[PDB]
file entry.json (JSON, C-alpha atoms)
[["chain", "number", "residue", "atom", "x", "y", "z"],
["A", 222, "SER", "CA", -20.15, -32.71, 3.02],
["A", 223, "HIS", "CA", -16.52, -31.56, 2.68],
["A", 224, "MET", "CA", -17.61, -27.97, 1.80],
["A", 225, "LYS", "CA", -17.12, -27.23, 5.56],
["A", 226, "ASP", "CA", -13.38, -26.43, 5.47],
["A", 227, "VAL", "CA", -13.91, -24.55, 2.17],
["A", 228, "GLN", "CA", -16.50, -22.33, 3.92],
["A", 229, "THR", "CA", -14.49, -21.56, 7.13],
["A", 230, "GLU", "CA", -11.46, -20.30, 5.16],
["A", 231, "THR", "CA", -13.43, -18.51, 2.37],
["A", 232, "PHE", "CA", -15.06, -16.55, 5.22],
["A", 233, "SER", "CA", -11.74, -15.34, 6.74],
["A", 234, "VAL", "CA", -10.29, -14.13, 3.42],
["A", 235, "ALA", "CA", -13.58, -12.21, 2.81],
["A", 236, "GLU", "CA", -13.44, -10.24, 6.08],
["A", 237, "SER", "CA", -9.74, -9.58, 5.31],
["A", 238, "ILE", "CA", -9.79, -8.71, 1.54],
["A", 239, "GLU", "CA", -12.45, -6.12, 2.51],
["A", 240, "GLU", "CA", -10.10, -4.19, 4.87],
["A", 241, "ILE", "CA", -7.35, -4.41, 2.22],
["A", 242, "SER", "CA", -9.84, -2.93, -0.31],
["A", 243, "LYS", "CA", -10.74, -0.03, 2.09],
["A", 244, "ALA", "CA", -7.10, 0.64, 3.04],
["A", 245, "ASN", "CA", -6.08, 0.81, -0.66],
["A", 246, "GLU", "CA", -8.76, 3.53, -1.17],
["A", 247, "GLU", "CA", -7.57, 5.49, 1.94],
["A", 248, "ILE", "CA", -3.90, 5.25, 0.70],
["A", 249, "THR", "CA", -5.07, 6.43, -2.76],
["A", 250, "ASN", "CA", -6.88, 9.45, -1.26],
["A", 251, "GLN", "CA", -3.83, 10.48, 0.81],
["A", 252, "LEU", "CA", -1.32, 9.96, -2.06],
["A", 253, "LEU", "CA", -3.06, 12.20, -4.62],
["A", 254, "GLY", "CA", -3.38, 15.04, -2.06],
["A", 255, "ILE", "CA", 0.28, 14.71, -1.07],
["A", 256, "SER", "CA", 1.41, 14.91, -4.76],
["A", 257, "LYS", "CA", -0.49, 18.23, -5.08],
["A", 258, "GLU", "CA", 0.85, 19.62, -1.72],
["A", 259, "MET", "CA", 4.38, 18.42, -2.75],
["A", 260, "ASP", "CA", 4.09, 20.20, -6.12],
["A", 261, "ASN", "CA", 3.36, 23.48, -4.23],
["A", 262, "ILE", "CA", 6.48, 23.02, -2.02],
["A", 263, "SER", "CA", 8.43, 22.62, -5.34],
["A", 264, "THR", "CA", 7.35, 26.14, -6.44],
["A", 265, "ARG", "CA", 8.27, 27.60, -3.01],
["A", 266, "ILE", "CA", 11.80, 26.04, -3.07],
["A", 267, "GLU", "CA", 12.30, 27.35, -6.66],
["A", 268, "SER", "CA", 11.31, 30.84, -5.34],
["A", 269, "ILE", "CA", 13.87, 30.45, -2.50],
["A", 270, "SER", "CA", 16.62, 29.44, -5.04],
["A", 271, "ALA", "CA", 15.73, 32.57, -7.09],
["A", 272, "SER", "CA", 15.82, 34.69, -3.87],
["A", 273, "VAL", "CA", 19.36, 33.34, -3.16],
["B", 221, "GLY", "CA", -13.45, -35.33, -6.60],
["B", 222, "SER", "CA", -14.57, -32.98, -9.39],
["B", 223, "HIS", "CA", -15.98, -30.24, -7.10],
["B", 224, "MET", "CA", -12.56, -30.08, -5.36],
["B", 225, "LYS", "CA", -10.96, -29.82, -8.83],
["B", 226, "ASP", "CA", -13.21, -26.76, -9.35],
["B", 227, "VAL", "CA", -11.88, -25.39, -5.98],
["B", 228, "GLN", "CA", -8.22, -25.82, -7.19],
["B", 229, "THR", "CA", -8.84, -23.58, -10.28],
["B", 230, "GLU", "CA", -9.92, -20.70, -7.96],
["B", 231, "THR", "CA", -7.22, -21.43, -5.27],
["B", 232, "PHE", "CA", -4.42, -21.31, -7.93],
["B", 233, "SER", "CA", -5.37, -17.73, -8.96],
["B", 234, "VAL", "CA", -5.56, -16.63, -5.30],
["B", 235, "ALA", "CA", -2.15, -18.17, -4.43],
["B", 236, "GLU", "CA", -0.44, -16.53, -7.46],
["B", 237, "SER", "CA", -2.03, -13.14, -6.62],
["B", 238, "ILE", "CA", -1.37, -13.10, -2.81],
["B", 239, "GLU", "CA", 2.36, -13.74, -3.53],
["B", 240, "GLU", "CA", 2.45, -10.58, -5.67],
["B", 241, "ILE", "CA", 0.56, -8.50, -3.02],
["B", 242, "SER", "CA", 3.12, -9.85, -0.47],
["B", 243, "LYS", "CA", 6.03, -8.40, -2.48],
["B", 244, "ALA", "CA", 4.14, -5.23, -3.58],
["B", 245, "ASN", "CA", 3.30, -4.22, 0.03],
["B", 246, "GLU", "CA", 6.94, -4.83, 1.01],
["B", 247, "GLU", "CA", 8.04, -2.54, -1.88],
["B", 248, "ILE", "CA", 5.56, 0.11, -0.59],
["B", 249, "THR", "CA", 6.81, -0.11, 3.08],
["B", 250, "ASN", "CA", 10.47, 0.24, 2.07],
["B", 251, "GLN", "CA", 9.79, 3.26, -0.21],
["B", 252, "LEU", "CA", 7.70, 4.87, 2.65],
["B", 253, "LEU", "CA", 10.69, 4.42, 5.03],
["B", 254, "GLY", "CA", 12.88, 6.28, 2.46],
["B", 255, "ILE", "CA", 10.36, 9.15, 2.04],
["B", 256, "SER", "CA", 10.15, 9.68, 5.85],
["B", 257, "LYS", "CA", 13.94, 9.99, 6.36],
["B", 258, "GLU", "CA", 14.02, 12.60, 3.53],
["B", 259, "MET", "CA", 10.97, 14.43, 5.01],
["B", 260, "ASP", "CA", 12.78, 14.74, 8.40],
["B", 261, "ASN", "CA", 15.79, 16.14, 6.45],
["B", 262, "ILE", "CA", 13.46, 18.78, 4.80],
["B", 263, "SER", "CA", 12.05, 19.52, 8.29],
["B", 264, "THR", "CA", 15.62, 19.83, 9.75],
["B", 265, "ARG", "CA", 17.03, 21.88, 6.82],
["B", 266, "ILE", "CA", 14.01, 24.28, 6.77],
["B", 267, "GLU", "CA", 14.83, 25.24, 10.42],
["B", 268, "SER", "CA", 18.58, 25.73, 9.75],
["B", 269, "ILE", "CA", 17.95, 27.77, 6.56],
["B", 270, "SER", "CA", 15.46, 29.94, 8.53],
["B", 271, "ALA", "CA", 18.09, 30.57, 11.24],
["B", 272, "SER", "CA", 20.52, 31.45, 8.38],
["C", 478, "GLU", "CA", 24.77, 28.28, 3.34],
["C", 479, "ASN", "CA", 21.37, 29.41, 1.90],
["C", 480, "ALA", "CA", 22.45, 28.15, -1.57],
["C", 481, "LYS", "CA", 23.59, 24.80, -0.14],
["C", 482, "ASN", "CA", 20.40, 24.27, 1.94],
["C", 483, "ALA", "CA", 18.15, 25.27, -1.03],
["C", 484, "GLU", "CA", 19.78, 22.63, -3.25],
["C", 485, "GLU", "CA", 19.75, 20.03, -0.40],
["C", 486, "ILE", "CA", 15.96, 20.53, 0.02],
["C", 487, "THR", "CA", 15.45, 20.50, -3.80],
["C", 488, "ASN", "CA", 17.40, 17.18, -3.97],
["C", 489, "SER", "CA", 15.22, 15.68, -1.17],
["C", 490, "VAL", "CA", 11.98, 16.80, -2.95],
["C", 491, "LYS", "CA", 13.20, 15.08, -6.17],
["C", 492, "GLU", "CA", 13.74, 11.82, -4.22],
["C", 493, "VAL", "CA", 10.27, 12.01, -2.59],
["C", 494, "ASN", "CA", 8.56, 12.68, -5.97],
["C", 495, "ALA", "CA", 10.35, 9.68, -7.56],
["C", 496, "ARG", "CA", 9.57, 7.25, -4.68],
["C", 497, "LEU", "CA", 5.93, 8.52, -4.57],
["C", 498, "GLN", "CA", 5.35, 7.69, -8.27],
["C", 499, "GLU", "CA", 6.69, 4.15, -7.56],
["C", 500, "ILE", "CA", 4.23, 3.80, -4.61],
["C", 501, "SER", "CA", 1.29, 4.97, -6.81],
["C", 502, "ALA", "CA", 2.18, 2.28, -9.38],
["C", 503, "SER", "CA", 2.52, -0.40, -6.64],
["C", 504, "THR", "CA", -0.85, 0.86, -5.24],
["C", 505, "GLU", "CA", -2.36, 0.37, -8.72],
["C", 506, "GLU", "CA", -0.70, -3.11, -8.84],
["C", 507, "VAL", "CA", -2.36, -4.01, -5.48],
["C", 508, "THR", "CA", -5.65, -2.37, -6.66],
["C", 509, "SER", "CA", -5.58, -4.73, -9.68],
["C", 510, "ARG", "CA", -4.60, -7.87, -7.70],
["C", 511, "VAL", "CA", -7.24, -7.21, -4.97],
["C", 512, "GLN", "CA", -10.00, -7.49, -7.64],
["C", 513, "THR", "CA", -8.59, -10.87, -8.88],
["C", 514, "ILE", "CA", -8.71, -12.25, -5.29],
["C", 515, "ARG", "CA", -12.24, -10.87, -4.78],
["C", 516, "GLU", "CA", -13.55, -12.65, -7.93],
["C", 517, "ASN", "CA", -11.94, -16.00, -6.94],
["C", 518, "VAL", "CA", -13.52, -15.69, -3.43],
["C", 519, "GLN", "CA", -17.01, -14.88, -4.78],
["C", 520, "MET", "CA", -16.75, -17.61, -7.47],
["C", 521, "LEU", "CA", -15.50, -19.97, -4.71],
["C", 522, "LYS", "CA", -18.49, -19.17, -2.42],
["C", 523, "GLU", "CA", -20.62, -20.24, -5.43],
["C", 524, "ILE", "CA", -19.14, -23.81, -5.16],
["C", 525, "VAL", "CA", -20.02, -23.82, -1.40],
["C", 526, "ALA", "CA", -23.67, -23.33, -2.45],
["C", 527, "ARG", "CA", -23.76, -25.60, -5.59],
["C", 528, "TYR", "CA", -23.00, -28.86, -3.70],
["D", 479, "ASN", "CA", 12.22, 33.76, 2.51],
["D", 480, "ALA", "CA", 10.88, 33.91, 6.09],
["D", 481, "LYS", "CA", 7.23, 33.72, 4.89],
["D", 482, "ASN", "CA", 8.04, 30.81, 2.53],
["D", 483, "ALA", "CA", 10.18, 28.86, 5.08],
["D", 484, "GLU", "CA", 7.21, 29.09, 7.49],
["D", 485, "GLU", "CA", 4.68, 27.98, 4.81],
["D", 486, "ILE", "CA", 6.95, 25.01, 3.96],
["D", 487, "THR", "CA", 7.37, 24.10, 7.69],
["D", 488, "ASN", "CA", 3.55, 24.02, 8.04],
["D", 489, "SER", "CA", 2.95, 22.07, 4.76],
["D", 490, "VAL", "CA", 5.81, 19.62, 5.54],
["D", 491, "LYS", "CA", 4.22, 19.05, 8.98],
["D", 492, "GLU", "CA", 0.80, 18.21, 7.40],
["D", 493, "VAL", "CA", 2.53, 16.01, 4.70],
["D", 494, "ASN", "CA", 4.45, 14.07, 7.40],
["D", 495, "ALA", "CA", 1.16, 13.51, 9.30],
["D", 496, "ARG", "CA", -0.60, 12.27, 6.10],
["D", 497, "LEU", "CA", 2.48, 10.07, 5.35],
["D", 498, "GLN", "CA", 2.36, 8.51, 8.85],
["D", 499, "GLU", "CA", -1.27, 7.60, 8.02],
["D", 500, "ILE", "CA", -0.14, 5.89, 4.76],
["D", 501, "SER", "CA", 2.41, 3.95, 6.91],
["D", 502, "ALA", "CA", -0.55, 2.94, 9.15],
["D", 503, "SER", "CA", -2.80, 1.68, 6.31],
["D", 504, "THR", "CA", 0.22, -0.07, 4.68],
["D", 505, "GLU", "CA", 0.81, -1.89, 8.00],
["D", 506, "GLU", "CA", -2.88, -2.83, 8.05],
["D", 507, "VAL", "CA", -2.66, -4.40, 4.55],
["D", 508, "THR", "CA", 0.60, -6.15, 5.58],
["D", 509, "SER", "CA", -1.02, -7.61, 8.72],
["D", 510, "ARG", "CA", -4.17, -8.89, 6.92],
["D", 511, "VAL", "CA", -2.09, -10.53, 4.13],
["D", 512, "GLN", "CA", -0.83, -12.88, 6.88],
["D", 513, "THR", "CA", -4.44, -14.11, 7.41],
["D", 514, "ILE", "CA", -5.04, -14.69, 3.65],
["D", 515, "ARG", "CA", -1.68, -16.42, 2.95],
["D", 516, "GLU", "CA", -2.32, -18.85, 5.86],
["D", 517, "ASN", "CA", -5.87, -19.67, 4.60],
["D", 518, "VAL", "CA", -4.75, -20.46, 1.00],
["D", 519, "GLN", "CA", -2.31, -23.03, 2.41],
["D", 520, "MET", "CA", -5.31, -24.65, 4.15],
["D", 521, "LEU", "CA", -7.48, -24.60, 0.95],
["D", 522, "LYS", "CA", -4.63, -26.56, -0.73],
["D", 523, "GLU", "CA", -4.55, -29.39, 1.89],
["D", 524, "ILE", "CA", -8.33, -30.03, 1.72],
["D", 525, "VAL", "CA", -8.14, -30.28, -2.10],
["D", 526, "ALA", "CA", -5.14, -32.69, -1.78],
["D", 527, "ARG", "CA", -7.11, -34.80, 0.79],
["D", 528, "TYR", "CA", -10.38, -35.02, -1.16],
["D", 529, "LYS", "CA", -9.70, -34.56, -4.92]]
call {"tool": "encode", "arguments": {"input": "entry.json", "output": "structure tokens"}}
result
Amino acid sequence: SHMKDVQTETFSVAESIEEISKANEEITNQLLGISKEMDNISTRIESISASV
Amino acid sequence: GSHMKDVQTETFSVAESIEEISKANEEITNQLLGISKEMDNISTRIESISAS
Amino acid sequence: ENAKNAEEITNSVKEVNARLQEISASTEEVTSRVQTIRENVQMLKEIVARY
Amino acid sequence: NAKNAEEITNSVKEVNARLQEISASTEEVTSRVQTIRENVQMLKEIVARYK
């Protein structure tokens, strides 16, 4: 049965696509918090330009 | 080998997709390098403006 | 100098915001192409059972 | 200006930390795409051999 070398490689991409999937969610969580924190720095710099 | 022809149909979609993820994660890493160098400039300039 | 530095920081923030929206799009591109590889690795483990 | 330059120095410091963790996860996707790319070259030889 030649479904041996199909199984050994379709096991390695399944333990690896899983960490990719998790890492894409962790990147997503950081990114959307950073856009909010960045948009508050934008207000503070605008206040400094006004102050100048 | 018809069951290996079934395997090719799957393995074509994976090979097309992994080549896009390979360029998309290189586009992310280069943009992240550019953000960091600008963030160190904001860090640097926010100490010099405070001394000013 | 305070006018110069304020604009220099504003110009860096504009760069960061533009590169960050390109990374969100590329993250959505990877979040779409991860699902395509997951389906063709579950539908391929179905062949491994069939035979 | 002193109270806003301090609040930016502290938010920039947390942003840079959070950004260094995106660089970490992006390295971890980059490193596991080497595994997957290698295994879809192998899946191609076995089909060529036995189709």
call {"tool": "atom_distance", "arguments": {"input": "entry.json", "atom1": "atom CA of residue C:484", "atom2": "atom CA of residue D:482"}}
result
15.4 Å
call {"tool": "atom_distance", "arguments": {"input": "entry.json", "atom1": "atom CA of residue B:254", "atom2": "atom CA of residue C:492"}}
result
8.7 Å
call {"tool": "interface_residues", "arguments": {"input": "entry.json", "of": "chain B", "to": "chain A", "cutoff": "10 Å", "atoms": "only C-alpha atoms", "output": "NGL selection string"}}
result
:B and (223-224 or 227)
call {"tool": "residues_around", "arguments": {"input": "entry.json", "residues": "residue B:261", "least_positions_apart": "5", "cutoff": "12 Å", "atoms": "all atoms listed in the file", "output": "ChimeraX atom specification"}}
result
/B:254-256,266-269 /C:482,485-490,492-493 /D:487,490,494
call {"tool": "atom_distance", "arguments": {"input": "entry.json", "atom1": "atom CA of residue A:263", "atom2": "atom CA of residue B:249"}}
result
24.3 Å
call {"tool": "closest_residue", "arguments": {"input": "entry.json", "among": "D:510, D:496, D:522, D:527", "to": "residue A:258", "atoms": "only C-alpha atoms"}}
result
D:496
call {"tool": "residues_around", "arguments": {"input": "entry.json", "residues": "residue A:239", "least_positions_apart": "5", "cutoff": "9 Å", "atoms": "only C-alpha atoms", "output": "number ranges by chain"}}
result
A: 234, 244; C: 515
call {"tool": "interface_residues", "arguments": {"input": "entry.json", "of": "chain D", "to": "chain A", "cutoff": "6 Å", "atoms": "all atoms listed in the file", "output": "number ranges by chain"}}
result
D: 500, 503, 507, 510, 514, 517
call {"tool": "build_atoms", "arguments": {"input": "entry.json", "residues": "stretch 492-516 of chain C", "atoms": "N, CA, C and O atoms", "output": "CSV table (one decimal), in the coordinates of the input"}}
result
chain,number,residue,atom,x,y,z
C,492,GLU,N,13.8,13.2,-4.7
C,492,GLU,CA,13.7,11.8,-4.2
C,492,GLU,C,12.3,11.4,-3.8
C,492,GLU,O,11.9,10.3,-4.2
C,493,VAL,N,11.7,12.2,-3.0
C,493,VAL,CA,10.3,12.0,-2.6
C,493,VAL,C,9.3,11.9,-3.8
C,493,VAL,O,8.6,10.9,-3.8
C,494,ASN,N,9.4,12.8,-4.8
C,494,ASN,CA,8.6,12.7,-6.0
C,494,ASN,C,8.8,11.4,-6.8
C,494,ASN,O,7.9,10.8,-7.3
C,495,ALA,N,10.0,10.9,-6.9
C,495,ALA,CA,10.4,9.7,-7.6
C,495,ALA,C,9.9,8.4,-6.8
C,495,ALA,O,9.4,7.5,-7.4
C,496,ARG,N,10.1,8.4,-5.5
C,496,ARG,CA,9.6,7.2,-4.7
C,496,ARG,C,8.0,7.2,-4.6
C,496,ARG,O,7.4,6.2,-4.6
C,497,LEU,N,7.4,8.4,-4.6
C,497,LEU,CA,5.9,8.5,-4.6
C,497,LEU,C,5.3,8.0,-5.8
C,497,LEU,O,4.2,7.4,-5.8
C,498,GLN,N,5.9,8.3,-7.0
C,498,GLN,CA,5.4,7.7,-8.3
C,498,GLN,C,5.5,6.2,-8.4
C,498,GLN,O,4.7,5.5,-9.0
C,499,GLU,N,6.6,5.6,-7.7
C,499,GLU,CA,6.7,4.2,-7.6
C,499,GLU,C,5.7,3.6,-6.6
C,499,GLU,O,5.2,2.4,-6.8
C,500,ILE,N,5.3,4.3,-5.5
C,500,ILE,CA,4.2,3.8,-4.6
C,500,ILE,C,2.9,3.9,-5.3
C,500,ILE,O,2.0,3.0,-5.1
C,501,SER,N,2.6,4.9,-6.1
C,501,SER,CA,1.3,5.0,-6.8
C,501,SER,C,1.1,3.8,-7.8
C,501,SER,O,0.0,3.2,-7.8
C,502,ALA,N,2.2,3.4,-8.5
C,502,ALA,CA,2.2,2.3,-9.4
C,502,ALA,C,2.0,1.0,-8.6
C,502,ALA,O,1.2,0.1,-9.0
C,503,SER,N,2.7,0.7,-7.5
C,503,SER,CA,2.5,-0.4,-6.6
C,503,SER,C,1.1,-0.4,-6.0
C,503,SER,O,0.6,-1.5,-5.8
C,504,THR,N,0.5,0.7,-5.7
C,504,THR,CA,-0.8,0.9,-5.2
C,504,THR,C,-1.8,0.5,-6.3
C,504,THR,O,-2.8,-0.2,-6.1
C,505,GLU,N,-1.6,0.8,-7.6
C,505,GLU,CA,-2.4,0.4,-8.7
C,505,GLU,C,-2.2,-1.1,-9.0
C,505,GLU,O,-3.2,-1.8,-9.3
C,506,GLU,N,-1.0,-1.7,-8.8
C,506,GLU,CA,-0.7,-3.1,-8.8
C,506,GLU,C,-1.5,-3.9,-7.8
C,506,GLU,O,-2.0,-5.0,-8.1
C,507,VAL,N,-1.5,-3.4,-6.5
C,507,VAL,CA,-2.4,-4.0,-5.5
C,507,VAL,C,-3.8,-3.8,-5.8
C,507,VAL,O,-4.7,-4.7,-5.5
C,508,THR,N,-4.2,-2.7,-6.3
C,508,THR,CA,-5.6,-2.4,-6.7
C,508,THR,C,-6.1,-3.2,-7.8
C,508,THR,O,-7.3,-3.5,-8.0
C,509,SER,N,-5.2,-3.8,-8.7
C,509,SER,CA,-5.6,-4.7,-9.7
C,509,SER,C,-5.6,-6.1,-9.1
C,509,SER,O,-6.5,-6.9,-9.4
C,510,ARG,N,-4.7,-6.5,-8.2
C,510,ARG,CA,-4.6,-7.9,-7.7
C,510,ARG,C,-5.6,-8.1,-6.5
C,510,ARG,O,-5.8,-9.3,-6.2
C,511,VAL,N,-6.2,-7.1,-5.9
C,511,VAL,CA,-7.2,-7.2,-5.0
C,511,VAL,C,-8.5,-7.7,-5.7
C,511,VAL,O,-9.2,-8.6,-5.2
C,512,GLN,N,-8.8,-7.1,-6.8
C,512,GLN,CA,-10.0,-7.5,-7.6
C,512,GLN,C,-10.0,-8.9,-8.1
C,512,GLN,O,-11.0,-9.7,-8.0
C,513,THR,N,-8.8,-9.4,-8.6
C,513,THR,CA,-8.6,-10.9,-8.9
C,513,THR,C,-8.8,-11.8,-7.7
C,513,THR,O,-9.4,-12.9,-7.8
C,514,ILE,N,-8.4,-11.4,-6.5
C,514,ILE,CA,-8.7,-12.2,-5.3
C,514,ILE,C,-10.2,-12.2,-4.9
C,514,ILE,O,-10.8,-13.2,-4.5
C,515,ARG,N,-10.8,-11.0,-5.1
C,515,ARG,CA,-12.2,-10.9,-4.8
C,515,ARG,C,-13.1,-11.8,-5.7
C,515,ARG,O,-14.0,-12.5,-5.2
C,516,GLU,N,-12.8,-11.8,-7.0
C,516,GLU,CA,-13.6,-12.6,-7.9
C,516,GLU,C,-13.4,-14.1,-7.6
C,516,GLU,O,-14.4,-14.9,-7.6
